[PDB]
Structures are given as C-alpha cells and as structure tokens.
Amino acid sequence: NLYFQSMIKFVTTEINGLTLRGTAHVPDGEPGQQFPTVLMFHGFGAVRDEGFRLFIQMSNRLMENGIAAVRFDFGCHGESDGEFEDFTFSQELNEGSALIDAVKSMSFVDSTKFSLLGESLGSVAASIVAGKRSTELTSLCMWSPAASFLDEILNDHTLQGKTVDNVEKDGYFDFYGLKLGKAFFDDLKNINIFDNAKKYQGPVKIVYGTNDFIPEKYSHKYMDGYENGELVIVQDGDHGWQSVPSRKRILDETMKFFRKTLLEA
Amino acid sequence: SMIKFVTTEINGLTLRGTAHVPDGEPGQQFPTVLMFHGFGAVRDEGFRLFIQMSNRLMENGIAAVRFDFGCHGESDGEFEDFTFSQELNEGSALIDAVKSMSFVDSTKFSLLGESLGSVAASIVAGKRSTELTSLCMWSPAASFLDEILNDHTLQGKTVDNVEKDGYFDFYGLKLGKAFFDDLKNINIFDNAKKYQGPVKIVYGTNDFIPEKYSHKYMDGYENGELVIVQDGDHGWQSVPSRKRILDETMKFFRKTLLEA
C-alpha cells in the first residue's frame, strides 16, 4: 500500500563552475525504494531530449519498467551553463565522470545498479568515462557511436562534412549557428577513445544502424577491445533512429539490454 | 537571475516548460515573453535558439517562458494524437497560465514564435488580442496548410500514404490521421489580421518558406514591421544570422515591453 506514482522532475548539479541542467524520470515505487538507473549522454551540439524525442521515449520506457532514467545537458549544451565557443571534449569527459558521482548521490538511485547510455558522440564519451570509471557501471549501451570524430576532424579536416580549415581565419567554426571555438579543436589531440574504452570489462551493447554515416568499422574496433561486448546491427537503421520502425527497434533492444543487466542481475 | 522549471495541465496533459526569471527585488514582477516552438520541435528550439533568446531577454529584465507543446518534447502526449487545433488551444491556455505566474507582469506580456510556432502565435494573438502587448514571429511556417492540403507533402515527403500506413513518419515519430483530418479546421490569416498591436516578422532570404506568406501577414497587420535578413535561414543556423535574430528580437521587445 506504500506507493507513489512515477514522476518526471528537473534536476541540476554543479561541475567546475557550470550548472548542468537535467531531467530525471523516476518509476512508481515505495518510499525509500532505490531504482536501477540509466544515465544518458546526448551527442554533439545536441540536448538532453536528443533528436525527435529519442531520449524522452527511452527515458519513459525505462521508467515504466522500474528503471530510473537521468539525462543532463552537457556543459555548453542545451539549458546548461557554458558558451559553445568554450566547449571542449575533455570538459565533456570530466563532466560525464562527475555526473556519475552526482547521480549516484541522488537518493532514488541504486548505486549498485547504474549504467550509461549514449547516442552519437555521447556514446564515445560514455565509452571513455566507462573505461576511467570502470567499477562504477553495471553496464554500458552505445547507440550509433560517433567514434570517427577524431579521424574526421584531424585527418579528413571536416566536421560533419564541413571543412575545419577556416577556423584560424574566421576565428571560430560555425555549427548550425553556434560558435564552436578554437579550444575544441586544440583539445582533440588529448582524446584516446579505444585505449580508454577497452578498460571497461562489464557488459557492453552497441547498436548500429546500416544507414549510419559513421563507418561500421568503428563499432567493430570497440568490439575488439571489449571482453563482454554485443553488437546489434539494425537493418535500415540510421544514425538518429529517425524512422518509426528503427525507433521502435532501438527502444526495444535497449530495454532488453537494461532489463538483462539491471533488473535480472 | 534563475532558470526555473514550470508545469501546467491543459486538457489532461501536463505541459513542461522552462522559465528564465530576471534578477530583481523580492516580490518583483517582470514583462514576459512566451515562446512557441515549431512542428515536432522542443522548447529549446534548434541548436539553442530559444535558450539564447531567453537568456538575452532575462539579462535585460524580461522574463522568458517556453513550454513543450502537448505531444512535443517532455510534455505529455503521443505525437500520433497531435493536432494543430490542440496546439492553438494550448497556446491560448498558456497565455492565462503564464500570466497567472507570480513573476509575470500580466500587463506587459508578449508572444514569440519560430516556424509553426509563429503560425500558432499569429492565430492566438488574433483571438486573444487584448492579452498581448506585442507579437514577434520568426520564419513563420504559414505555408503549411497549402503544402499539405494542396501539394500533398509535409516538409517534402508525401502525405498520400497516411491512410494506407496508418500514420505519417516524421523523423521516427508517428504522426497520426487526426492531425491531417484536423487541418480543415485551421484558418491562419483571417484570425491573424485581428491583432492590432505591434508585430515584428523576421524572415531570412534563405528560408524555404516563400517570402510571400510574410507579406500576406503584413497586409493584415495595422502595426506590422517586416525585417528581411540577407542570408538568414529558417532556423537562424549561421553565427551571423543567429546574432541578427537575437539582436532584432531584443530590440523589438525592449521597445514594446521595456519602453512603452
């Protein structure tokens, strides 16, 4: 009889002087109950909803099945503090690690049943944070990892197909009307995706859609380094799961994974 | 200043929003801009657009409030159940709900729209004209009835398979038959022309919406201003056009909410 209904509430935390703003979906439960929890990392220049309600749908699916879902705007993204011109991926990694501690400190979170979910660059961040905080995560799920982003910018000299070679001349990179700064580009040399990601030995699921513009080889590279990886290739899935059939599939595959790793273990 | 999260219930749906409240004395109220996002968008709008506008207003003493419409973003409701009529109902109800908020000066209250949100704002303003100090519309998607009903496309994709498939696929969201059946109920320009307050429309020359729709609005506004931004696009998705849209809009709301 002890019972409260599910709730969608807004949460904040402070990391390195920035207020990060987020949404928590807490399942139905009893007072004092703690829930297995999935912390979601959005992609580059994205927001915590992700594209076309993607993380919202995933959050509510988890909530309806007894798994709490938490998702923040990264620093310099969405409603969190920070100018895009100051964004660096190293800062995103620092924040992702700090968000594990912040979210585990929330009273409704079962710290022993805590996982990461990523989309696009958020999957890359999740893979690196998982390697550096390996004992903190029950499992790791990565959608459409944008693990080519260093190769693309540093070797192909483009960012989502647009040249990066005018940054010094113009003073910035124009990302859909946001000003991306020199600091982002100068920091890229510091990132090592796969050497760090392979340190995580827990259950990993990667979901890759055959229409993803990221080459499939990057998902296979992850798998080479994972002791307990599963790679699901979704026929006609795309990078953001932007068809009704592939959206249903990504929600199902992910709920299946977190049921197995968080609810049945 | 402070960024607060607000909710209101309309027709059984909880709408979820963000309020940017300026710094002030305890008990102070502020002129307020209520922002309407576009079709299948969220209350941030694309690439931080509404967030940037909200903080610009907040820093200048104007409170900014922006909700996810029903069936959008974090608000309740499935996209398959979305209709424009219920967006118009929610937009009207949001005027009353936001005016009832503690920090909102109900006498200095305006609407801002982007894309379909501008169309909704134009209709609600025409129908609730005494409630609004001013109206600003970015990139109004006022061709949307013509495109769907006459050209049988929705952002370039056919709508002629909806009956057979049971839905329209909008970037992985199921849009339902209810949306299309409801389009016959919608009148843009005869509603919009009723509003006599100051209106500003900002239109970018790279907008895929034909410029003629903004001129049609102007023909019906007694106090309209049309700004054409060279090389601006529908979502203000270049750094120069983003600076321009924020500046033009701050200027308009300074004039209409801070200096009137």
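Naming convention: chains lettered A, B, ... in sequence-line order (proteins, then strands); numbering from 1 in each chain.
- Contacts of A:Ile56 with chain B are made by side-chain atoms alone, with heavy-atom separations under 4.5 Å and no backbone atom involved.
- Interface remark: B:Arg43 contributes side-chain atoms only to the contact with chain A (heavy atom separation under 4.5 Å).
- With rounding to the nearest 0.5 Å, the separation of OH in A:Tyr176 from CG in B:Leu49 is 15.0 Å.
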List the steps, then state whether salt bridge (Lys or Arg N to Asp or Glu O under 4.0 Å) holds for B:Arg66 with A:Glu79.
CA-CA 12 Å; B:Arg66 50 194 175 82; A:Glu79 300 181 324; 2.8 Å; yes
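- Separation of atoms CG (A:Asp49) and CG (B:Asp68) is listed at 6.5 Å; rounding is to 0.5 Å.
- For residues 55-65 of chain B, heavy-atom neighbours of chain A at less than 4.5 Å comprise no residues at all.
- For B:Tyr167, the part sitting under 4.5 Å from any heavy atom of chain A is the side chain, from C-beta outward, and nothing else.
- To the nearest 0.5 Å, atoms OG1 (A:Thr19) and CE (B:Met2) are separated by 6.5 Å.
- For A:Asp174 (side chain) and B:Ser238 (main-chain N/O), no donor-acceptor pair under 3.5 Å exists by modelled atom type.
- Rounding to the nearest 0.5 Å gives a distance of 6.0 Å between CG of A:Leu178 and CD of B:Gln52.
- Within 6.0 Å of atom NZ in A:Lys162, 12 or fewer heavy atoms from other residues, nucleotides or ligands are found, so the atom counts as exposed in its surroundings.
- Residue B:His20 does not touch chain A at all, counting heavy-atom pairs closer than 4.5 Å.
- A 6.0 Å sphere centred on CG of B:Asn161 holds more than 12 heavy atoms belonging to other residues, nucleotides or ligands.
- Interatomic distance, A:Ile8 CD1 to B:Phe5 CZ, rounded to the nearest 0.5 Å: 13.5 Å.
- In this structure, chain B has a heavy atom under 4.5 Å from the side chain of A:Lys248, while its backbone stays farther away.
- The contact between B:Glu78 and chain A is made entirely by backbone atoms, counting heavy-atom distances below 4.5 Å.
- Without hydrogens or angle criteria, A:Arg53 side chain to B:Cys71 main chain gives a donor-acceptor distance under 3.5 Å.
- Options B:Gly40, B:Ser241, B:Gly73 differ in how many heavy-atom pairs under 4.5 Å they form with chain A, and the most are formed by B:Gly73.
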